[PDB]
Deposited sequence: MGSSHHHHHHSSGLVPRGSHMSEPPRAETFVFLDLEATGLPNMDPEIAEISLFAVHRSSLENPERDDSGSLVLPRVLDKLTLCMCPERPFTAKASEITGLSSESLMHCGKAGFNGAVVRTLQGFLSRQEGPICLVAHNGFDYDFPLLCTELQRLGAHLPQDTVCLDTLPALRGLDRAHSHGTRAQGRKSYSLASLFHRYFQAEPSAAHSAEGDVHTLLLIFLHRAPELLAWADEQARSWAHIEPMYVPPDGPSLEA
């Protein structure tokens, strides 16, 4: 009564109109899909530095939220309702759903979604947006949040460190990342962080990834 272990890890990041307190909406989603084999033995260039897996599927979609950005969100994301409208981007709609579902169906399953603080932000927000359209992901889809995962892995060998995405990248690579609060930029940063601890995080996923079906919506979406 067990599905096989996850075969593709789909790294996820959302830019949105704000934090959960204001019922945010997705303005940009980026997904990097990586086969498990690329994670079990991370590819490195001749200098010994991590490289992006060669066989990598990618999807980035911008979309216009129904309700306004907070000023802070517009600032850090470089996005606004006007700029998204001006570039002809509709809201989170059937086309997003169909594109996303096609993209996931291109991956060898089962799929493990990966997002930083995903349990508290990206997964419930994505769940809300999909729910509003009555859309579903594959039933054997599971979810890994690198925040409690890295915290738990570190605790596993401990006899107040920051686990923000930026602090983790700084700690592991001793340098600053690029394109912060661009969805694609922050997925890239997340993937590098994951690759740095890949065997540990794979083991964690295999044991503790949560079923997508257990993810609850951040908020109940209004009707139109």
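- Several segments of the deposited sequence have no coordinates for C-alpha: 1-21, 181-186, 252-256, numbered from the first residue.
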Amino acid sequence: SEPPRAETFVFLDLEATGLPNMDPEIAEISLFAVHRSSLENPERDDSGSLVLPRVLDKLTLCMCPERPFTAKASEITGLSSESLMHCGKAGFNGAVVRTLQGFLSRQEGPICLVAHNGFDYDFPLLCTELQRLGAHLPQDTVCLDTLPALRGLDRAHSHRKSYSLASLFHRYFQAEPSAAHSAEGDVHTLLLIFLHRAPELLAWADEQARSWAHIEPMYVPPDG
From here on, numbers count along this sequence of modelled residues.
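- Coordinates for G185 are present in every one of the other compared entries of this protein that model residues on both sides of it, well short of the third needed to count it as often missing.
- Omission of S167 is seen in none of the other entries compared for this protein where the adjacent residues are built, far below a third.
- Here 21-29 and 206-214 are compared by their mean Cα B-factor, and 206-214 comes out higher.
- When the C-alpha B-factors of 196-204 and 12-20 are averaged, 196-204 comes out higher.
- Of the candidates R171, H188, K58, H35, the one whose C-alpha carries the top B factor in the deposited record is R171.
- Going by the entry's values, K72 shows the largest Cα B-factor out of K72, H116, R98, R106.
- Per the deposited record, the Cα B-factor of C64 falls in the middle third when ranked against the other modelled residues of its chain.
- In this PDB entry, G102 carries a Cα temperature factor that places it within the lowest third of its chain's modelled residues.
- Ranked by C-alpha B-factor against the other modelled residues of its chain, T141 falls in the lowest third.
- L153: CA B factor in the highest third of modelled residues in this chain (values from the PDB entry).
- For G94, the recorded CA temperature factor ranks within the middle third of the chain's modelled residues.
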